[PDB]
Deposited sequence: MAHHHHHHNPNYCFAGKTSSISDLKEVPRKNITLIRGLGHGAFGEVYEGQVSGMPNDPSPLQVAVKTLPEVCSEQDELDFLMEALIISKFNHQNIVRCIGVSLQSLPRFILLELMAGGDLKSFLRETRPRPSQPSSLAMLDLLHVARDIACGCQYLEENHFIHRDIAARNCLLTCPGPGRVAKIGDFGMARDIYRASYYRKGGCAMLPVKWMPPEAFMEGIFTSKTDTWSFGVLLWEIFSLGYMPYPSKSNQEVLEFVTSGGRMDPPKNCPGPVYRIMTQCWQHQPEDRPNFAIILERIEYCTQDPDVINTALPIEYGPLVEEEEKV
């Protein structure tokens, strides 16, 4: 059994909270796609159940064990909680906080303002999501953990409604690096030094957060519209940056452009990002800006 170190503390599979299999009930599927299915479940405490295929390799097993260790060792309101694991029965389970709002990317697309739902979303809703994730990122930063794939698809919402809280919900990329190919790398979320020299720092996540911010204020569009991975790589390496999302307030766009500074030392840390998001939320001209209504 591999050890895991976070914040200078070491943990082992023995530290994982094993939940007796008899206490766990599956309710419905939520998704598969990526390696492993996820179900809604009960332990009555409601959970999302990530499963390990019984038909897997030794490495798949170690990967699964490692993400369990990673998530269980985090303690922050904007990172999905791990209720525990069930590793002593097959298929093996990781039990997560059930985020009823689902993933952020799908939410943004599904919840875009429409003629039928003219006020489904406001600038403040987006700013609050951005703040929430930036808070999670600041926690990772101050604990020297580099996420490596901050993107809408990896964020979850506690509920569809106005009191929703956003959290980082997937750590698969970080898990892989802790221990794939070019075409699977999240190049559209990566800074120049990352995909060139394979250098990662906390400023990597700052760049990625900029792209997430664009995803949020575009209401769930794929970054760099119409560009392939290699076109983005060449575009960004040459100094190219995304335009503002439709109707995006200037102060918000400016946060994006600061996250995308070529030199990592010129990019803000998350304390500063949160400061700037806060300032945006106070500014009437920002939050009174109407989001586009999709016909």
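Against the full deposited sequence, the model leaves out several stretches, namely 1-8, 52-59, 196-201, 318-327.
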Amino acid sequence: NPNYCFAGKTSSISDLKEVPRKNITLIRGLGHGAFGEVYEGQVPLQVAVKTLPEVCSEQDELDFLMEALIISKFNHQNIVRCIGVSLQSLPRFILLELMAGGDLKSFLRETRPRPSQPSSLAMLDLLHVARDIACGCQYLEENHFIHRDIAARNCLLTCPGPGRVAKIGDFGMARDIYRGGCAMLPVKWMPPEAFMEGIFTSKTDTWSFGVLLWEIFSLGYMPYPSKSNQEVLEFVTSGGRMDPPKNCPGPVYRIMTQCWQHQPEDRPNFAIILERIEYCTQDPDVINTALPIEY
From here on, numbers count along this sequence of modelled residues.
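Between two forms, the rigid core is the largest collection of C-alphas that superpose within 1.5 Å.
Stretch comparison, 76-84 versus 119-127: after rigid core superposition, larger RMS CA deviation in 5 other deposited structures of this protein is found for 119-127. Between 166-174 and 202-210, the larger root mean square Cα shift in 5 other deposited structures of this protein, once each structure is superposed on the rigid core, falls on 166-174. In the record comparison, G181 is unmodelled in at least a third of the other entries of this protein that model the residues flanking it. When 117-125 is weighed against 199-207, 117-125 comes out higher, by mean CA B-factor as recorded in the entry. The mean Cα B-factor in the deposited entry runs higher for 1-9 than for the other of 1-9 and 285-293. Going by the entry's values, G181 shows the largest Cα B-factor out of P191, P223, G181, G101. Of the residues listed, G240, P268, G41, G250, the entry assigns the biggest Cα temperature factor to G41. Looking at the C-alpha B-factors along this chain, the one for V49 belongs to the middle third. Per the PDB record, residue ranking by Cα B-factor puts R175 in the highest third of the chain. In the PDB entry, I83 places in the middle third of its chain by CA B-factor.
Compared with the other modelled residues of the chain, the Cα B-factor recorded for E142 ranks in the middle third. When the modelled residues of the chain are ordered by C-alpha B-factor, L90 sits in the middle third.
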